[PDB]
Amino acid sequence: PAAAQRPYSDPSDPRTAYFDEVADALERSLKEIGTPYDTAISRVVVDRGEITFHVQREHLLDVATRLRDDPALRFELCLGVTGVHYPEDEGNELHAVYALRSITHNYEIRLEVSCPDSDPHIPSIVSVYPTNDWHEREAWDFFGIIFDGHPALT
């Protein structure tokens, strides 16, 4: 899907109300720890009332940490990663989709990290969200995405 254009929030779809605010807050958190938003997030997509931040694997662990700990984000719930494979998407054929939810601020977003079949590694985020352990494990079983740092790999 094509890159969403600002504003991500749309008046006629309440479901998107907080998208621009969440996006801003995420840019701010990463600047604060010395990471340009554009270097960490490659693309934002808005489809059927859901926002997806396409995150670079290199920076997934930091983004996740910032999403959980920053008071302006506070995503406590990690619904569980899901794998998706695109044979025609050369160099980025293995994707992982993470639905996250913030009860505090009443937000919902998705992260989406990809990696090539030639180097199928995405960092585990069990350190941040323990719940994600089995989901990463299942993503590995079916797709072959190696979740570096996963408890089972020590």
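Quick note: we count residues from 1 along the sequence shown, nothing fancier.
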Ranked by mean Cα B-factor in the entry, 121-129 and 32-40, top stretch is 32-40
Residue 14: CA B-factor among chain residues, third -> highest
Tertile call for residue 60 (CA temperature factor, within chain, third-based) is the middle
Sorting the chain's modelled residues by C-alpha B-factor and splitting them into thirds places residue 77 in the middle
Residue 68: CA temperature factor from the record, placed by chain third, in the highest
Chain-relative C-alpha B factor for residue 27 (record values, thirds): the highest
